[PDB]
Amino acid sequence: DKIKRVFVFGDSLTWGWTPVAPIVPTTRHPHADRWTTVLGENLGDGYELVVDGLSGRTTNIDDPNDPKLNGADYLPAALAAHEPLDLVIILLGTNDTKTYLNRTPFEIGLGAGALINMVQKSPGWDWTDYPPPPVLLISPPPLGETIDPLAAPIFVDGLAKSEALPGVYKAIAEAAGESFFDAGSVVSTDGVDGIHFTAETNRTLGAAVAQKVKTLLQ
């Protein structure tokens, strides 16, 4: 019985940012406490995860402060490097609400859409011919109402944008003939810095997403 391969593509939430005061520097959640790990455990031996979480990462836009943060710069290579996959999970959009990137929620949806499209056109080549995998686009929960004062200037108007993502993400996913899940339906941003997750929140999300995944793959 073929082991099913799931690739998880996200930001610091998926890397395992431990929320702290002051907001930085952080250390990585122990493996046991990462949402992806709990996702893996609840799925069982039938499944095998590959995880790529980058602190600061956006859907598809350059961060003028750091040239390595554009998801869409990286994703084509990542997909080809982990082919073949049975599912691609995308949990991005939190960094896209940063003030200086000046994005609307629809713009952020388009960004997630750009990534879905990269998966659908995945590997760009005749060197292999496995099919492209389906995609589960996950909208993150709303930001915290109170963000660490060091980071707050960079998240002005961010909360309202983050609240609007589930609706947009769902339409975009649907338009692509792919799947959707709102992380805000089962958890919220409970980290002390108003942006990242506690281990308790990771656990809830991992277990919830595992149910959703089994529905799609059995």
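Residue numbers run from 1 along the displayed sequence.
Quick one: higher average CA temperature factor, 141 to 149 or 78 to 86?
-> Mean C-alpha B-factor is greater for 141 to 149.
Would you tell me which stretch averages the higher CA B-factor in the PDB entry, 50 to 58 or 186 to 194?
-> Higher mean C-alpha B-factor in the PDB entry: 186 to 194.
Most elevated Cα B-factor in the entry, residues 65, 36, 70, 162 = Answer for 65, 36, 70, 162: 36, with the highest C-alpha B-factor.
For residue 32, the third of its chain into which the C-alpha B factor falls = Within its chain, residue 32 is a highest-third residue by C-alpha B-factor, going by the deposited values.
Third of the chain's Cα B-factor distribution that residue 16 belongs to, per the entry = Ranked within chain, residue 16 CA B lands in the middle tercile.
Give the position of residue 173 by CA B-factor within its chain, expressed as the lowest, middle or highest third.
-> Its C-alpha B-factor, which the entry lists for residue 173, ranks in the middle third among residues of this chain.
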